[PDB]
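Data block below; observations after.
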Number of protein chains: 2
Amino acid sequence: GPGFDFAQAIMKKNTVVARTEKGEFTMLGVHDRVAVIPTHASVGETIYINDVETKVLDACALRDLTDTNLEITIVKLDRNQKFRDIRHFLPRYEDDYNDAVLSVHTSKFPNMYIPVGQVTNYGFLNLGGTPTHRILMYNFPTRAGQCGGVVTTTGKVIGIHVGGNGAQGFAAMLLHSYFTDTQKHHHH
Amino acid sequence: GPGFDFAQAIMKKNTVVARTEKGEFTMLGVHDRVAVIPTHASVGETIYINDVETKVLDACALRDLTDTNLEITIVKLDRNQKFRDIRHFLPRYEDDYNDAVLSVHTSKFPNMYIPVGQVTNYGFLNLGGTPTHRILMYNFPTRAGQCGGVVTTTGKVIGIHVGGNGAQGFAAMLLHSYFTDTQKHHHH
Ligand SMILES: *[C@@H](CC(=O)OCC)[C@H](C[C@@H]1CCNC1=O)NC(=O)[C@H](Cc1ccccc1)NC(=O)[C@H](COC(C)(C)C)NC(=O)OCc1ccccc1
Ligand SMILES: *[C@@H](CC(=O)OCC)[C@H](C[C@@H]1CCNC1=O)NC(=O)[C@H](Cc1ccccc1)NC(=O)[C@H](COC(C)(C)C)NC(=O)OCc1ccccc1
């Protein structure tokens, strides 16, 4: 079956409800005070985290070397709690997957799991007129209110939900190297 | 943890989407062509089952010996497929339970699981101004669109979702004896 136990361990220790000018989103915390949220959430200088106003210390809207949208924004937050480090659960590479679960943590749905079946490395996507790269796709009618939802298989956190058309859903991939302690150049 | 595998086996083989004048509802099929749906769905002479118009051969709105609403309606349907017999998964008696899952099968959510935690045998409920008896309660903000949702623990199907107030949800109980091959008197 689907790895429900695993999806639930991730939801329990590594998600929070985030609210921007654009609405609420499931937010996956990845390692220290660093989390992700779909770029189309429009993150500013402050963000509500479980209804608490929180300073956004850094926000990086990921684009690839063709300068195309990846629909991931990595945010660094001013909070007291660290997130459990889940970088080892992240895929090294692009892949296809079986039997994924999509999980949501919003005010409307504080704890909710949807098997979306099989996940295909889909690539290009015209996401609401923004060209976007590196999308995962599943044949499940995902809805508004699920963006930022965490897509897992057992032992792997593979993406966050960002789009759908009524019959498929789309997640932006997560890769391990998005989050590695690195080198120093001007990013804004 | 919660019995997700089990909730999913019930959703797979024993649920259908039912549409009445009142909207869509998760519908638990119990044994032959016999299913349940919340009384407030207002079942008539026909019902849509996975969008197919279906004759309702019999509908019993359960009330108890105080003549109070139980919010269960047992329906007998004109369909070709039998439902897998799940009467042995039904509780004999009123009880409290741990770590239940609420599952939903609608057009909006064809396959969806929510851990609602602990389930208490709650009793009386003023359900939208209808006095109702024999209600199960869980501390989880359930929403419209979840009515008829199936509440399980591992190995037991204990109720169907019927109400909530923004902080708790309420299910009407299912008991084994609701569904036993019986004696003959005029029920309408
Ligand atoms: C999550 C964000 C939200 O709830 O509202 C915006 C504040 C939401 C989830 C999807 C909506 C419907 N199904 C979903 O799973 N995502 C979006 O709305 C996308 C834009 C976005 C806004 C904010 C944050 C992140 C992303 N847009 C789409 O998903 C878009 C939906 O457009 C309509 C026309 C279907 C409503 N989908 C899309 O453009 O896919 C293109 C496509 C592909 C293949 C065939 C036909 C069309
Ligand atoms: C499912 C039916 C539906 O979606 O709409 C009607 C066609 C729905 C699910 C609940 C709605 C909000 N939360 C839920 O989990 N159930 C209902 O709407 C109930 C009536 C019903 C209609 C059709 C079929 C089955 C049942 N009504 C309620 O749940 C009611 C909600 O009323 C408001 C005022 C909160 C909107 N709840 C209620 O009356 O509880 C009383 C209470 C108890 C303790 C403290 C305060 C109030």
Side-chain angles (χ1 to χ4, degrees), chain A residues 1-17 19 23-24 26 50-51 98-119 138-155 161 164-169, chain B residues 1-17 19 23-24 26 50-51 98-119 138-155 161 164-169:
Chain A
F4 283 108
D5 284 346
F6 177 81
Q8 164 175 56
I10 294 301
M11 301 292 296
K12 189 196 184 172
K13 259 100 68 107
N14 285 73
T15 62
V16 301
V17 183
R19 197 202 326 150
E24 283 202 346
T26 297
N50 293 346
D51 306 285
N98 308 309
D99 226 49
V101 177
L102 170 62
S103 309
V104 173
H105 184 355
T106 58
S107 294
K108 210 151 157 162
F109 297 96
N111 196 47
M112 186 247 219
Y113 309 82
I114 297 170
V116 294
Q118 285 222 316
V119 183
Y138 22 92
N139 284 289
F140 188 99
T142 57
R143 321 308 197 172
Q146 292 158 9
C147 283
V150 180
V151 190
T152 60
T153 58
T154 318
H161 183 81
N165 61 20
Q168 294 122 290
Chain B
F4 283 108
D5 284 346
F6 177 81
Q8 164 175 56
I10 294 301
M11 301 292 296
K12 189 196 184 172
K13 259 100 68 107
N14 285 73
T15 62
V16 301
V17 183
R19 197 202 326 150
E24 283 202 346
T26 297
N50 293 346
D51 306 285
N98 308 309
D99 226 49
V101 177
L102 170 62
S103 309
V104 173
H105 184 355
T106 58
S107 294
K108 210 151 157 162
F109 297 96
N111 196 47
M112 186 247 219
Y113 309 82
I114 297 170
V116 294
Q118 285 222 316
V119 183
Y138 22 92
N139 284 289
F140 188 99
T142 57
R143 321 308 197 172
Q146 292 158 9
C147 283
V150 180
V151 190
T152 60
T153 58
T154 318
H161 183 81
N165 61 20
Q168 294 122 290

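Sequence lines set the chain letters: A, B, ... in the order given, protein chains first and strands last, and positions in each chain run from 1.
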Residues that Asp99(A) engages under salt bridge (charged side-chain N to carboxylate O under 4.0 Å, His left out), provided they are two or more places apart:
none
For chain A, the option from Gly166(B), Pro2(B), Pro115(B), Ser107(B) that forms the most heavy-atom pairs under 4.5 Å:
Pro115(B)
Excluding sequence neighbours, so at least two apart, what forms side-chain hydrogen bond (donor to acceptor under 3.5 Å, both in side chains) with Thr15(A)?
none
For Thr142(B), which atoms come within 4.5 Å of any heavy atom of chain A: side chain, backbone, both, or neither?
neither
For the interface with chain A, which of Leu102(B), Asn111(B), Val101(B), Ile114(B) has the highest count of heavy-atom pairs at distances below 4.5 Å?
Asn111(B)
Can you tell me how far OH of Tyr113(A) sits from CD of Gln8(B), rounded to the nearest 0.5 angstrom?
14.0 Å
How many angstroms lie between NZ in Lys108(A) and CZ in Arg143(B), if you round to the nearest 0.5 Å?
8.0 Å
